[PDB]
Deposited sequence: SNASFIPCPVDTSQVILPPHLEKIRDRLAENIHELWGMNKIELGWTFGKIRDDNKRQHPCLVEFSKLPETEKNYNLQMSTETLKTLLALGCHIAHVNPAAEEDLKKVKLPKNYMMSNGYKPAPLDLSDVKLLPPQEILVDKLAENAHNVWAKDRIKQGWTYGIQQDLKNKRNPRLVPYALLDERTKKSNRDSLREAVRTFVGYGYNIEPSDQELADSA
């Protein structure tokens, strides 16, 4: 059996000036999911058929249900709140941001009206201490996801099931396939690069 216990963010709070960056981080994380699903062969619909490859939650940020969108906004908060728990703080330095950025231009077949478009964050490099940081944050994000699922009643099986709460990935990070392990680490790379793209520096407090 496996129990997830991430780092403690219970005593920390997020200053009001950090909520502005929280809304933009959660936006760009959604466009990456739509693109990686179009690359995986999912079409559109208003009812959910796994064999037909049609799913309703492939539209813009504005029309998703309020029940589902809260999970994304809270996990954008815990990521910024966990950085304060490591003895570091983020401070805005560079004013030449928000006009120096652009979104990706994809071909016409990625389009129902909606077409995903993440930001172009490719010429943004990190220092070693910042890259060792993304290694620690990725394993914590798995533990935060793991702790919510145990409380919601989902256990481990061999086959995922929409009628019987069950998912095969209910394992420690050490018993995790590198194909999944990587995708958790790549999500934090876009998270840290999203902060630098708007002008935030990560230093000790």
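Not built in the structure, per the record, are deposited positions 1-3, 115-116, 211-218.
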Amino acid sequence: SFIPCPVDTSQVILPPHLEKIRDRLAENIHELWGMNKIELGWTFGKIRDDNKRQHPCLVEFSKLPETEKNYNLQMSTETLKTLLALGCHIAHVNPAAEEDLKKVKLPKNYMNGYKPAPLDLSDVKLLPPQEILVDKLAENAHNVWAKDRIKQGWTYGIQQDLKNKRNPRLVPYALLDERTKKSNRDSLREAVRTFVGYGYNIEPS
From here on, numbers count along this sequence of modelled residues.
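Heads up, when I say rigid core I mean the largest set of C-alphas that superpose within 1.5 Å between the two forms.
In 8 other deposited structures of this protein, superposed on the rigid core, the segment with the larger root-mean-square CA displacement between 194-202 and 4-12 is 4-12. Displacement analysis by core superposition in 8 other deposited structures of this protein ranks 153-161 above the other of 53-61 and 153-161 in root-mean-square C-alpha distance from the shown form. Higher mean CA B-factor, judged across 167-175 and 35-43 from the recorded values: 35-43. Mean CA B-factor, 151-159 versus 136-144: the higher value falls on 151-159.
Going by the entry's values, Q54 shows the largest Cα B-factor out of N70, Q54, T180, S62. Considering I90, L101, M75, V124 together, the PDB entry gives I90 the largest C-alpha B factor. For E66, the recorded CA B-factor ranks within the lowest third of the chain. Only modelled residues enter the ranking.
For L80, the recorded CA temperature factor ranks within the lowest third of the chain's modelled residues. Annotation for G113: C-alpha temperature factor in the highest third relative to the rest of the modelled chain, per the entry.
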